[PDB]
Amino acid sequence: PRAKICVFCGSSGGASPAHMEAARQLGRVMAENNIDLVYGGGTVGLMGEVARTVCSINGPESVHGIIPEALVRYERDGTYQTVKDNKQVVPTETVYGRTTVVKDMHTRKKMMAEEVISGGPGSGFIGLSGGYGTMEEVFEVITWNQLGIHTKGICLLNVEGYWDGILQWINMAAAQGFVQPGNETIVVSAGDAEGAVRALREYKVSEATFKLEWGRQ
């Protein structure tokens, strides 16, 4: 079973080019380690960038985008050149990998989650630069890890201190005890693609609990 990484990132490119560049780099690194890509479909923004790179290196089979019905096209144009049997028009499979269309956002998130959880070793979630959506997804899979629904790691790829505020809040929450001891390590951060992939590889859920309650066992 190959390793799969779900990369939550923005639908927009971002002001500083370092975000797009980070998308490209993460793409290359994931592609070299034979890591298959799970992302929320589309051809725009950091998502489309990572998809484009990973697919460009390891072919369509290495990328699986999952798009809600509402974001589906019904005409062929530009980056959307591959048609489904139900006449749905979807991102060009040879450039952005395979694309599965689902009815709802809920089943979408659930499906990406599933595809990551069932993935091989080193599987996990990476949070690249994005807005409210990517954040919501990140904290969602965080909550799911917290509920013992999965055992995969979650790593924020910090481009020029973009996630600094969030790490800061995590610190504040662990300090005030709202994030219980042992849960602070659910999320890690990295400054580069290799760091993020390594983070997902070396992650073990029971690590923090081991540290906190082994001298206590």
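Residue numbers here begin at 1 and follow the sequence given.
Here the stretch with the larger average CA B-factor, out of 74 to 82 and 132 to 140, is 74 to 82. Here the stretch with the larger average CA B-factor, out of 17 to 25 and 201 to 209, is 201 to 209.
Among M30, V63, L156, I66, the highest C-alpha B-factor recorded in the PDB entry belongs to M30. When the C-alpha B-factors of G165, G40, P181, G191 are ranked from the entry, the top spot goes to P181. Looking at the C-alpha B-factors along this chain, the one for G59 belongs to the highest third. In this PDB entry, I5 carries a Cα temperature factor that places it within the middle third of its chain's modelled residues. Sort the modelled residues of the chain by CA B factor and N171 lands in the lowest third. Annotation for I149: C-alpha temperature factor in the middle third relative to the rest of the modelled chain, per the entry. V116: CA B factor in the middle third of modelled residues in this chain (values from the PDB entry).
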